[PDB]
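In this chain, numbering begins with 1 at the start of the sequence shown. Hydrogens, waters and symmetry mates are skipped; everything else that's a heavy atom, side chains included, is used.
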Amino acid sequence: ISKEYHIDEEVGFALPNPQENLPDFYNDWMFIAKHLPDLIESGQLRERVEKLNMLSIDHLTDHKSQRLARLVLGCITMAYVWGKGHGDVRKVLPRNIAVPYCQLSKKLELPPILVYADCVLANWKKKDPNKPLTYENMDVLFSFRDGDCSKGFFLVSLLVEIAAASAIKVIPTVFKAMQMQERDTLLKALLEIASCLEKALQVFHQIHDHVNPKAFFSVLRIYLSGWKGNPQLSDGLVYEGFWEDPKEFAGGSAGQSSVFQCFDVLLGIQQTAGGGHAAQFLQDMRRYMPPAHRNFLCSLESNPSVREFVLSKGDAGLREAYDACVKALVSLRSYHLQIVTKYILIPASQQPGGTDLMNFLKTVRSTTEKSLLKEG
Ligand SMILES: O=C(NCc1ccc2c(c1)CCCN2C(=O)c1cccc(Cl)c1)c1ccc(Cl)cc1
């Protein structure tokens, strides 16, 4: 895969070995970001942010330092807007934080809100570099509140993301085999992809050990919420000193993951076609991905269809290998639906949004299942 797309051999779409510390110039940002749970509880978070001076972004030279600053400012912004998380909000982001956040966001080509690429793909480290990428040798860099299960939620998402890297690297073999008319190589590649997608499902199972239903629904879901079609911020958020009018941006989502879409594109599963709501949403979330990763998706669309090729051959072995990949995606959507039931639907019904996500996932699963050449 070409280096311009920023896809790593080991970790795929995740940022390899992210930066932990900023330069000493930005100590004031780091203190607030490192102690969000404490400052929110004492009721001093909004005070500390308002007392900040406006720091220039020019000392953030390299890409990794810039991605770290985005995560820092992203988490602070979520804490400032939502606060304790029981209705008391802020609709204006002070200039001292809003200006450098938007400047940095424009530079990287991402919107000025916390996205999946911040809080999963760049929000990680390993404890011992000599030891491999396991949960016990890994940690997140930032959290919102004590007992929010942010470590479990983000790290398990990252581990699934890392598992998918074994499949992503096979993609060039698939397209090369098609243009070179190499049937046996194509079959082998498709079987290898299917196997890696099956292993990714098994990695997903870890979520039950590290995430609690109450904690996710009542705490973490609040802080990941955005300001697009939200009654609490009907007009959006005012970024002081940068834009005059308030702007709307969508909150964090699994739809922002590139792995969520790239295998549907590869296999010709028409997810973003027909102008339905699910199709529109998947296209919209491409602008919430890093530019190199959105470029990768549309470049996949530029290549000839893997589905049409496999259909023309009249070869049962090839059809089987194709369906194995499709069946693995059906299994992944089905498991995601189970996770939505446990962590959102049941907690919501017990106390005196979740429905929409279920329906979206049912449409995505339905489209995937009907792309099967033979019934499973
Ligand atoms: O929903 C979240 N996490 C659970 C979750 C839910 C779903 C999937 C993933 C994480 C990670 C990879 C994509 N993903 C798949 O299920 C999938 C689809 C196709 C292929 C493969 Cl290998 C995985 C989540 C939501 C908001 C934020 Cl701010 C961060 C994470």
Side-chain angles (χ1 to χ4, degrees), residues 22 26-57 68-106 108 110-119 122-123 140-150 153-154 215-253 256 288 353:
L22 289 178
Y26 306 97
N27 280 330
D28 293 325
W29 291 354
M30 277 291 273
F31 169 70
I32 296 172
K34 288 212 186 186
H35 303 97
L36 292 175
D38 308 323
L39 290 170
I40 291 176
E41 269 188 36
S42 60
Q44 294 174 118
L45 186 267
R46 288 163 174 169
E47 189 187 343
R48 291 290 88 182
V49 172
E50 286 157 18
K51 294 228 191 149
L52 282 168
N53 288 147
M54 190 185 287
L55 308 187
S56 185
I57 66 161
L68 178 54
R70 246 196 77 84
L71 177 53
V72 164
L73 294 165
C75 296
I76 294 166
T77 303
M78 289 307 216
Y80 190 89
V81 175
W82 302 122
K84 262 152 207 198
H86 308 124
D88 184 33
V89 309
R90 287 305 107 97
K91 305 208 186 186
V92 184
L93 197 68
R95 67 180 72 257
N96 61 12
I97 190 164
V99 171
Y101 185 37
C102 289
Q103 286 176 341
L104 188 61
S105 286
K106 190 185 175 189
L108 295 163
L110 281 161
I113 188 163
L114 195 73
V115 302
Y116 184 91
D118 301 315
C119 61
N123 187 20
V140 300
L141 303 179
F142 306 101
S143 301
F144 290 112
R145 301 291 294 277
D146 293 309
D148 68 2
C149 295
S150 59
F153 195 65
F154 302 154
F216 180 75
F217 184 80
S218 68
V219 189
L220 189 60
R221 191 175 62 79
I222 301 301
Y223 293 98
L224 298 179
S225 303
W227 35 91
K228 181 159 191 174
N230 194 337
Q232 299 195 244
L233 291 102
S234 60
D235 302 307
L237 180 64
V238 189
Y239 295 81
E240 192 177 56
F242 200 85
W243 288 304
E244 182 163 316
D245 304 320
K247 307 295 181 195
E248 288 186 302
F249 290 105
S253 163
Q256 299 175 332
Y288 291 71

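Contact of the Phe216 side chain with the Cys149 side chain is not registered, since no non-hydrogen atoms from C-beta on lie closer than 4.5 Å. Considering only heavy atoms from C-beta on, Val99 comes within 4.5 Å of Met54 through its side chain. You'll find the side chain of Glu240 stays beyond 4.5 Å of the side chain of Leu93, heavy atoms only. Using a 4.5 Å heavy-atom threshold, the side chains of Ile113 and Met78 count as touching. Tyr80 places a side-chain heavy atom less than 4.5 Å from the side chain of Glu50. For the pair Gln103 and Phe242, the minimum side-chain heavy-atom distance is below 4.5 Å. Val92 places none of its side-chain heavy atoms less than 4.5 Å from the side chain of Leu237. Using a 4.5 Å heavy-atom cutoff, the side chains of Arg145 and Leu36 are not in contact.
With rounding to the nearest 0.5 Å, the separation of CG in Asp28 from CG in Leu22 is 11.5 Å. A distance of 7.0 Å separates CG of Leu52 from CG of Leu55, quoted to the nearest 0.5 Å. Distance check, rounded to the nearest 0.5 Å: CZ of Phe217 to CD1 of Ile222 gives 7.5 Å. Here the CZ-CD1 distance, from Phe31 to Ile76, works out to 11.0 Å after rounding to the nearest 0.5 Å. Here the CG atom belonging to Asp38 is positioned 9.5 Å from the CD1 atom belonging to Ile40, to the nearest 0.5 angstrom. How far NZ of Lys51 is from CD of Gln44: 9.5 Å, rounded to the nearest 0.5 Å.
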For this session: Decide yes or no on side chain to side chain contact (heavy atoms under 4.5 Å, CB included) for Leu114 and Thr77, but give the supporting numbers first.
Result: CA-CA 8 Å; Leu114 195 73; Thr77 303; over 6 Å; no
Exercise. Going through the checks in order, is the salt bridge (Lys or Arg N to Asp or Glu O under 4.0 Å) test met by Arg221 and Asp148?
Worked result: CA-CA 9 Å; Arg221 191 175 62 79; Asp148 68 2; over 6 Å; no
For this session: Test side chain to side chain contact (heavy atoms under 4.5 Å, CB included) on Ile97 and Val49 and set out the steps.
Result: CA-CA 8 Å; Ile97 190 164; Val49 172; 4.2 Å; yes
Exercise. Passes side chain to side chain contact (heavy atoms under 4.5 Å, CB included), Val81 versus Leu233? Steps please.
Worked result: CA-CA 10 Å; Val81 175; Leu233 291 102; 4.3 Å; yes
For this session: Please report the C-alpha distance between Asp118 and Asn123 in whole Å, then the side-chain angles of each, then the deciding distance to 0.1 Å, and finally whether the side chain to side chain contact (heavy atoms under 4.5 Å, CB included) criterion is met.
Result: CA-CA 6 Å; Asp118 301 315; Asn123 187 20; over 6 Å; no
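Shown here for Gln232 and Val89, the closest heavy-atom pair between the two residues is NE2-CG1, 3.7 Å. In terms of heavy-atom proximity, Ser105 sits nearest to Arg70 at OG-NH1, 2.7 Å. Between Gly147 and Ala215, the shortest heavy-atom distance links the atoms O-CB, 3.3 Å. Scanning both residues, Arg48 and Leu39, for their nearest heavy atoms gives CG-CD2, 4.2 Å. Closest heavy-atom contact between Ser143 and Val140: OG-CG2, 3.9 Å. For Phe142 against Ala33, the heavy-atom pair with the smallest separation is CD2-O, 3.5 Å.
Ring planes of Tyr223 and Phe144: parallel class, angle under 30° (limits at 30 and 60°). The aromatic rings of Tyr239 and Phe249 sit perpendicular to each other, their planes meeting at more than 60°, with 30° as the lower class boundary.
The 12-atom threshold is exceeded at CD of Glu47, counting heavy atoms of other residues, nucleotides or ligands nearer than 6.0 Å.
Looking at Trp82, its side chain does come within 3.5 Å of a backbone N or O of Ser225 through a donor-acceptor pair. Of the possible polar contacts, none joining the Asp88 side chain to the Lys84 backbone as a donor-acceptor pair under 3.5 Å is found.
When ring centroids are compared, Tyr288 and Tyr116 stay outside the 6.0 Å threshold.
A salt bridge does not link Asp235 with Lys247: none of the charged nitrogens is closer than 4.0 Å to a carboxylate oxygen.
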